[PDB]
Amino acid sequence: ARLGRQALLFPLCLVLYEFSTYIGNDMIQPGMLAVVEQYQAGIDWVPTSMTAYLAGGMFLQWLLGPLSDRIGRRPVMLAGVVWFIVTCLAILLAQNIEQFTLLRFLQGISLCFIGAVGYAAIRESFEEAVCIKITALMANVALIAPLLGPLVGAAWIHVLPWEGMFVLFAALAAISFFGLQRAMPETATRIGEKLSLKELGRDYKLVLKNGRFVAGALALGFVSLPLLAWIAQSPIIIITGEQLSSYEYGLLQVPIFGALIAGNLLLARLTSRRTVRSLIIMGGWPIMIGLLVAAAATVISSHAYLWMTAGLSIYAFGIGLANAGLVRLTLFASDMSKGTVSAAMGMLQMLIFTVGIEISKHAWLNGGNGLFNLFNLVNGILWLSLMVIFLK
């Protein structure tokens, strides 16, 4: 009757919801070619779909943690899942690529609920031991989605309409809702205390005064930008630009995200014998080399996408190795409340992702693949520059 055993339905449905929102990005990108063809809109709106999605995900970030603390985790979390379901369904009525993009933004708001409320309840619900396993599963979900999403999405548009994908996301989120409704406990400490936006603002201005934290948080954004820009732009780079098929598009995803996974796997084996600082340095080598290779190759020949793919694969391996550690060090760089620290670094990342994808898009539209990879290289260099400051 659920006390001990079915308690695990709560983290399981949170994980399911997380997955739904992630493929809500990752399946959609390859489907954006069908979408933009349906609306008769330019291919410049393809990466923008992801920009809007991620922009929405920085929207309520700062708010939801302290808000749910006051009015409770259950009603806020469940409202987020419902909002995801409703906005997933509403996009079928879009009628315009501008209105489509607006709904991508509104959909992305659902992202904020995962970390700021759902995971806050996890940390408040479970022992440090079990909590570790849960974050591990959430981390693995974040690994699987970008691998499976583009493959499933590319296959999907040869069979079913793009609208069906949003019906899928909504269905999966519906399952999480009913699971969370009957499982998730109320962990909120600060009911019914008042919330000061004035003092909340003061907290964020305080975390932003810490220079090491800001360096680490910005670096996490810059270093992952090439990966996310590839996710955003790969449908137009491959299919539109190189005139390859959907099958090849799918194939190129395998070494890149397989390498990401390989890097995390090597991380799990090294972590007991290696400090996070040295794993950052260890990952730094394939990160810089991979980005250098993709840039140099496509400046020599704009059309070599296999060298670009290899370079991104080597880079993604380094990311897999270096990233989890930088997240930890960045978290611990500030002594403030972890909810405030987490939301701050999530917002700084999203800021770099959204703006960076847009810059990336105009880079490729004007300069082709060479410029795509050159902009990715400067982002690597920005991460590197921040690391020599960050440590020590």
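Position 1 is the first residue in the sequence shown; the rest follow in order.
- Remark: stretch with higher mean C-alpha B factor among 185-193 and 171-179 is 185-193.
- Stretches 71-79 and 219-227 differ in mean CA B factor, with 71-79 having the higher one.
- Across the options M288, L137, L252, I85, the residue with the most elevated CA B-factor in the record is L137.
- The entry assigns its greatest Cα B factor, within the set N96, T240, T298, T309, to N96.
- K205: CA B factor lies in the highest third for its chain, per the PDB record.
- Looking at the C-alpha B-factors along this chain, the one for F126 belongs to the highest third.
- Per the PDB record, residue ranking by Cα B-factor puts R328 in the middle third of the chain.
- Among the modelled residues of the chain, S313 sits in the lowest third by CA temperature factor in this PDB entry.
- Sort the chain's modelled residues by C-alpha temperature factor and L386 lands in the lowest third, per the entry.
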